[PDB]
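Below you will find one chain, with nothing else, as structure tokens; this is the form deposited in one PDB entry, and questions on how it binds or moves follow later.
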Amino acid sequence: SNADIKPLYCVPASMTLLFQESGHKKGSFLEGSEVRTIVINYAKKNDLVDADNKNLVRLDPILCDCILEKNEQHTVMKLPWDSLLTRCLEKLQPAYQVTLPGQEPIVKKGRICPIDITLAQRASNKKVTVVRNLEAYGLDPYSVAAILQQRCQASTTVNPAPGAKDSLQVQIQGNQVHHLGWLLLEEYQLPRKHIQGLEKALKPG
């Protein structure tokens, strides 16, 4: 199938008491729909829904501790579902899941960024194609480099990339943006919105 990128939420230590009944512990990964279900179940099971307004949840000490701010601790007594749920989601750790065609899903902590393709102008009219953030998608830069050497019939290297430690970029001699289009869009079937820099291609390919 097409590559799948799915947002996830990771349970921090501060929210383990809320998630206890659900069976999830610190470090569990959840989809947003599961979080909603768990929080609604919590409010119901603990009889926290307001008798006179079903849109409202009275906060117990567990909810007060993990989703209220410090300036709200002894002030806000009830929250509507919309606020309660949004707060719960924001307190969880951001994460995501990438499923490349024919592969098992790879889980990642943090927020997804696109693969970034740039052209670097060197020597005399000699360009180099630079490809960054492959690892964010579970792609091995050395494998990508080897594939592109075959595809582009041009020399590839893997080199350190700016930013975080041990980050890598693939460099290909010449202007090869169109071949990255082939590799990422066709071979790995990644959604177009996860790639930056294809607008720099010589030809649509």
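Heads up, when I say rigid core I mean the largest set of C-alphas that superpose within 1.5 Å between the two forms. Residues carry their position along the shown sequence, with the first being 1.
- Judged by mean Cα B factor in the deposited record, 16-24 ranks above the other of 16-24 and 192-200.
- When the C-alpha B-factors of 34-42 and 157-165 are averaged, 157-165 comes out higher.
- Note on the listed residues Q93, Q103, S124, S83: the highest Cα temperature factor in the record is that of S124.
- Across the residues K54, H178, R58, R151, the deposited record lists the maximum Cα B factor for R58.
- Looking at the C-alpha B-factors along this chain, the one for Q97 belongs to the middle third.
- For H74, the recorded CA B-factor ranks within the highest third of the chain. Only modelled residues enter the ranking.
Beyond what is shown, the protein has a form deposited in another entry; the following relates to that form.
- With the core held fixed between this form and the one not shown, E72 has its Cα displaced by at least 2 Å.
- Superposition of the core reveals a Cα shift of less than 2 Å for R111 between this form and the one not shown.
- With the core held fixed, the Cα of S33 is displaced between this form and the one not shown by less than 2 Å.
- CA of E72 to CA of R36: farther apart by 3 Å or more in the other entry than in the shown form.
- Between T86 and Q73, the Cα distance is greater in the other entry than in this structure, by no less than 3 angstroms.
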